[PDB]
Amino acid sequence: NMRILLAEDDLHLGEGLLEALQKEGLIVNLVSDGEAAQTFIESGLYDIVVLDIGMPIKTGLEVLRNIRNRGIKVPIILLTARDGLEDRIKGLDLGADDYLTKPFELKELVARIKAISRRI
């Protein structure tokens, strides 16, 4: 069925989103560094991807760029603490489907994942 990849180095945001999305019946996997995130996006196992811009090894923007250049279409939501409209546009222009800033309430991100889920 449908699979969601969460790439967040923050453990507590990771587990919270895990519990919330698994409470909605969805299948959710969790990684915490860009190397793993990119590896498993390029594998085509995932239908939606949530990606933290601040990750070890490779950053969310490095990964977003890379996978898009490999021709993968998967929708990608970026998470970030960068509170600058300048960075938001640049993430959207790099290939992102949505863009959330921290702090956010989990129920918003859940709603955006479900809205994306309808168009796929």
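Residues carry their position along the shown sequence, with the first being 1.
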Higher-scoring stretch by recorded Cα B factor average, 72 to 80 or 85 to 93
85 to 93
When mean C-alpha B-factors in the record are compared for 60 to 68 and 31 to 39, the larger belongs to 60 to 68
Looking at the C-alpha B-factor values in the deposited entry, which of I113, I4, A7, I120 comes out highest?
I120
Third of the chain, ranked by Cα B-factor, where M55 sits
middle
Split the chain's modelled residues into thirds by Cα B-factor; is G16 in the lowest, middle or highest one?
middle
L45: CA B-factor among chain residues, third -> middle
